[PDB]
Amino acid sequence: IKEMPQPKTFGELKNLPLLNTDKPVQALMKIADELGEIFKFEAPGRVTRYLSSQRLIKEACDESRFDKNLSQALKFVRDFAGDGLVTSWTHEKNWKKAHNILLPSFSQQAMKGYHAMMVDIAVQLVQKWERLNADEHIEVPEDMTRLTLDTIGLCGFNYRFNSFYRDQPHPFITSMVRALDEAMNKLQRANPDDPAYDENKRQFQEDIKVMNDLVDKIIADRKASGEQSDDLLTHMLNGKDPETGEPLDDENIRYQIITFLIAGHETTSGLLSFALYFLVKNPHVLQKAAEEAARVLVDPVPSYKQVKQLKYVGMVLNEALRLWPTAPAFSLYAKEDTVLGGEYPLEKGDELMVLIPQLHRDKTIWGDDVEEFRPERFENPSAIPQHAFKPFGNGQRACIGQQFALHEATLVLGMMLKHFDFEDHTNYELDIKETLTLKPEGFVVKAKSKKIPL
C-alpha cells in the first residue's frame, strides 16, 4: 500500500490551475511522464486519479469492479447531449434501451447500407482535390471535418450539410461548436458564478435552444412525410427494444442525433488528419499503403467488399489511433471498495481517468520504438496484450460507432492513396488543437493527381 504522487498545487485551488491551458490533455501527458503510471488530481470539491500504465488500466477495464463515469467534461456536454448514449449512466433506463435499439444500426447489413452514402461524400472530397490549381494546398483537418460531418448527416437523417459548398458552417454547427467550446472552457473556471461569465451562460442557452429547435424540426418533418430512408432516424422511429418492447421517445431521439453529429464532427476527422500526417512523415509506410490501395481499388467506385480488403490501410488507422487517440480519455468509478494494483486502496464511487495517449506509449507493452509509426505492430491482435489498446474505450460502454468510423476512414484513406501523391510542402510541425477531441491544427499538404478517373 503506497501514497500516489500529485502534481504541483495552487493553495485553495489545488491542481485546478494546471488545466488553465488550451492543451490540457497534452499538459496531463507531461505530468504522467514526470509522475508515472498513476497520480492524484484535486480541484475544489473533486478528486480523480489519472492512469497511464497497461498494468493498472487492465484492472480498471474489469467491468465487475469499475463502471463508466461521466467526467466533468461529459457532465457539461450532457446539458445539450442529454441522456444520449455517450452522456448516459449505464444504470439509466435510456442507456440500455437505446443501446439495444441502435446496435443493429451500427453492425458490420449495417455498413453495407451506409457504404453508398459514404462513397457519395468521399467522391466529393476526391473531386475537390482534383479541381485544385497547381499553386494551391489542402487544409487537411478542415477538409476531413467537412467529409465526416457530411457522412454522419447523410447516414444519420438523410440530410446534406453540403460542407464542400461552404466556407461558413451551417447554423446548427456554429451552435454545436460554440456549445462544445463553452463546455470545455467551463472545466478551467475557479469561480463559474462570477458575473464575467453571464454572457457565456446566455450564449450557451441560445446554442442549446438552436440545436434542440433544429433537431426537433428534423424529427417532426420525417414523421409527417412517412418516408422510410435507410438511416439512423428511421431505425430510431421504427425500432423497439427487445427487452421492454418500447421505442425511443422523440426527446431521446433528439439527444441521439445531437450525440452522433458531435461524434461525426469531432472524432473520425481527427483520425483521418493524424493518419495523413503520419503517412507524409513516414514515406516508406505511405508507399506500402498506396501499393495496397492501387492493388485493391480496381473500380472507379470502391465496393463494401474492397474496403474490407484494405488490411494495411486498417493497420495505418490503428497505428494513428495508438499515437494520437482522437478521443483521448475516458472516466471510470469504483463500484465497491477495492485495491488497484495491490497498492492503491479506492473507496466505492472513487473516480479514475484513463489517459489513452499515455497507455499507448507504455514501453513495457510496445518496446523501445514506442514513438515510431509502425502499422506492422497490428499484424496479429493475439500478440497485443489485453487492454493495451483502448482508442474506443472499454466493455459495454465502448464506442458504438467503431465499425462505422473505421469503414468511412478506410474507404476515404484508400481513395486518397489511390488518386494522389502527397507532399509535406511546409515541413509541418505537429500542433495539436484540443476541443472535445484532438486534431492537428494548421496541417497542410499538396496533392498531385495520379489522373485516375472516377
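Residue numbers here begin at 1 and follow the sequence given.
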Given 394-402 and 53-61, the range whose Cα B-factors average higher in the PDB entry: 53-61
Of 198-206 and 371-379, the one with larger mean CA B-factor: 198-206
Of the residues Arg361, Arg78, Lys128, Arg189, the one carrying the largest Cα B-factor as recorded: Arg189
Highest recorded Cα temperature factor - choice among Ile152, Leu85, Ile218, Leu132: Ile218
Third of the chain's Cα B-factor distribution that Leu13 belongs to, per the entry: highest
Record-listed C-alpha B factor of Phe278: chain third: lowest
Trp366 - Cα temperature factor, lowest/middle/highest third of chain: highest
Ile432 - which third its CA temperature factor falls in, relative to the rest of the chain: lowest
Record-listed C-alpha B factor of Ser107: chain third: middle
